[PDB]
Structure formats: structure tokens, C-alpha cells
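Read the single chain below, which is given as C-alpha cells and is the form solved without this ligand.
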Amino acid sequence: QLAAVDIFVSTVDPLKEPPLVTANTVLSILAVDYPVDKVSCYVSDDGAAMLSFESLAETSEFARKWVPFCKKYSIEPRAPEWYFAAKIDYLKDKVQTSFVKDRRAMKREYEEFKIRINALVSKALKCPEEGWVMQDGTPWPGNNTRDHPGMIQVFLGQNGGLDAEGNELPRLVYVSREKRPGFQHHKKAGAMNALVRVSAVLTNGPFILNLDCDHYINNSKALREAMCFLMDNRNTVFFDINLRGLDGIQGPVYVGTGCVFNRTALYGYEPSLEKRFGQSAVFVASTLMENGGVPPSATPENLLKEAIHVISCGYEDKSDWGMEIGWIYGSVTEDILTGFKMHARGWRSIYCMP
């Protein structure tokens, strides 16, 4: 069977992380050969850059065309830039097939997509003074980069409008955690932790996968192959049920990038209310769930509220986050801010892609 997966991408600066490359990674994620309902893509933008937000909006709109195309004709890789670079043998066909016209159409619409991304970049290339204004008319909450409220925006998924074939697409969530003067944010680490919490509130998939913003998925089946190991040259795998003391794997394991791993390993918990996890009833509830998921009773809105709450600024204060929970904040000794901490304690599984 196929378990839900939450996929994290972290970006920080559109000027060293070109929006188009991020777009291609995201498009490779949204087109993944896996049940649409059970794959979700969270994109932390630590820079709160409207260029990124809009590029992401654009990306989702293009995904509406690109994803059904890929699934219909079994395309790989499912990141457009690298797909259209693979040379094709047109000579082998006597006449234009339906595939190649679908595809010439598609490439054209992708080149148009690129053009509007370039437009966004260039438009951004010199600061307006009164700050950026949304296509709405309301001011952009991210303009003050070290001083701005939490932002979450969900694209696609169940109420983000179908693809070109009337089918739904995976959730695509924009997240920019609160930044305030006087609070540390611990960089990518504090970002991964906040994404753990947000994803827990919105979807709560039993597995997590963290990809760099330039790591596009090579093979649309990557998640299925991973599940072929996670539930009963070569790549990195790890499985452990650790009862026990002295036998087997001792202590924590640290997982970085490109690896599907089980969520609950993050959480401590030997087989109490205690806010070790910070104060959010919804979140700890989520940590106490068998096979992940949210209570369907909750409505998209008020859980959007608690999702904004778990990325507030000082949520982690007086909590184990960054200390013994999640991605671990460094410069003391641990030699981390390099991975998610998987506690020995209980069930642990990792499948990494090549």
C-alpha cells in the first residue's frame, strides 16, 4: 500500500537560487507517479521574496498543463528544462503522431512559461520604494525581510482547480515563517523544523522527503520504489525496529537530503500533555496518530490558523525543537545542523534516491 509523503523544499534567495530551477524541481514533484492525494509539496521561502511567491503561483498554473501531459505519455525526466534537452528522433515517424503535436504544443507553452518567469526576475531586479504590491492591490507582507508575519498559501490540491484533463493535482504549499528582530531563525534548520510542524498540521504524512531546490526527481516512480522498501552503484537504505539495549543500532541516526524517512522517528516516544513540542494542541495530536493524517472534522481554515501559529517566531522557545527534536541547531558540539534526528527508541526507515 502507498503511504502519504510530505516533500520539503527550502529556498532563501531568488538571486542565487534561480526561480526557474526551483520551478523545475517543483514540477518534477507535482508530476510524480503516485496517488495525487498522498503526495504534498511544501516550499519554505526563508527570503519571503515576492519573486519566489509569484514564480510558485506561475509554476502551479503551468503544472496544470504539464502534469497530465507527463502522466499520459510516460515522460521522463518530469522536469521540463531537462526533458526538452533530450534530443528526439523525429525521423522515425512517417507522419506527425498525436504525441508529437501534443509535445510541440507543450514545449511552446513551456517556452512561454520561461518568458514570464524571466519577466518576474527582471521586474524584481530593481526594488520599488514603497515596497512590492500584490497583483491584488494589497501590500506584500514579505517586504521587510527580517520583520514580517507568518505566511502560508496553498495552491492546487483539492480546491485549486483541475489539470487539463479535469483531474486534481497535489497540494503545493508556500510557507514563509515569521521573522522578528530579537529571535533567531537558525537558517535552513529552523526552516526544516517549521516545515515539519506545518506539514503535520495540514497533511501529516507518515513519510518525509527533503529535496534541495535544484534536485529534480529523475524518475517519476521514485516514491513507489521507495515504498517497495519502506513497507514490506546501489542506493542508501536503512530499517530498524529498536526494542532493546545493547543489540543492533545504538543511538540516533541523522538523515539529510534526498531521503524518504518515517515521520514518527523525529518525535521521541517510548512504547502526558507536556509541551516539549511547544504549545499547539493540534500538533501534538498529530504526533499521536497511527498512520498520519488529519481529523477530517477540521475545516481548511482554522487549521490554516494553527499552521500559522506553529511558524510563529517564538514557537520553539522552551521546547526541545533544535535541541533534541527535528533538525538540530549547531555550533556547540553536535556536528549537525546537517540532518533530521531519528531517535533509536522506535521504528525507523530510510530510502535514499541515487
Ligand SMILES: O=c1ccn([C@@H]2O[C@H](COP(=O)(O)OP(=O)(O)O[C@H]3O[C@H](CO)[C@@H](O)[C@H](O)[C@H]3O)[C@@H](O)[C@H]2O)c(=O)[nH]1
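Start at 1 with the first residue shown and count on from there.
Coordinates are lacking for 10 or more deposited residues between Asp232 and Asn233. The entry models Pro271 and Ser272 with a gap of 4 to 9 deposited residues left without coordinates. The stretch 96 to 104 shows the higher mean C-alpha B-factor when 193 to 201 is compared against 96 to 104 in the entry. Here 287 to 295 and 24 to 32 are compared by their mean Cα B-factor, and 287 to 295 comes out higher. Ranking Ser44, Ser40, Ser60, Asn302 by the C-alpha B-factor listed in the PDB entry places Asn302 at the top. Ranking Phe207, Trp140, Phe155, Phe238 by Cα temperature factor from the entry places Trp140 first. In the deposited entry, the Cα temperature factor of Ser176 places it in the lowest third of its chain's modelled residues. When the modelled residues of the chain are ordered by their C-alpha B factor, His148 lands in the middle third. In the deposited entry, the Cα temperature factor of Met353 places it in the highest third of its chain's modelled residues.
Per the deposited record, the Cα B-factor of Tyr90 falls in the middle third when ranked against the other modelled residues of its chain.
The deposited CA B-factor of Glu225 belongs to the middle third of values across its chain.
Form solved in complex with this ligand: not shown, discussed below.
Annotated contact segment (heavy atom within 4.5 Å of this ligand in the deposited complex): 181 to 189, selected among 277 to 285, 234 to 242, 259 to 267, 181 to 189. Out of the listed residues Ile336, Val12, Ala344, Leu15, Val12 is the one that sits within 4.5 Å of this ligand in the deposited complex by at least one heavy atom. In the deposited complex, this ligand sits within 4.5 Å of a heavy atom of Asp46.
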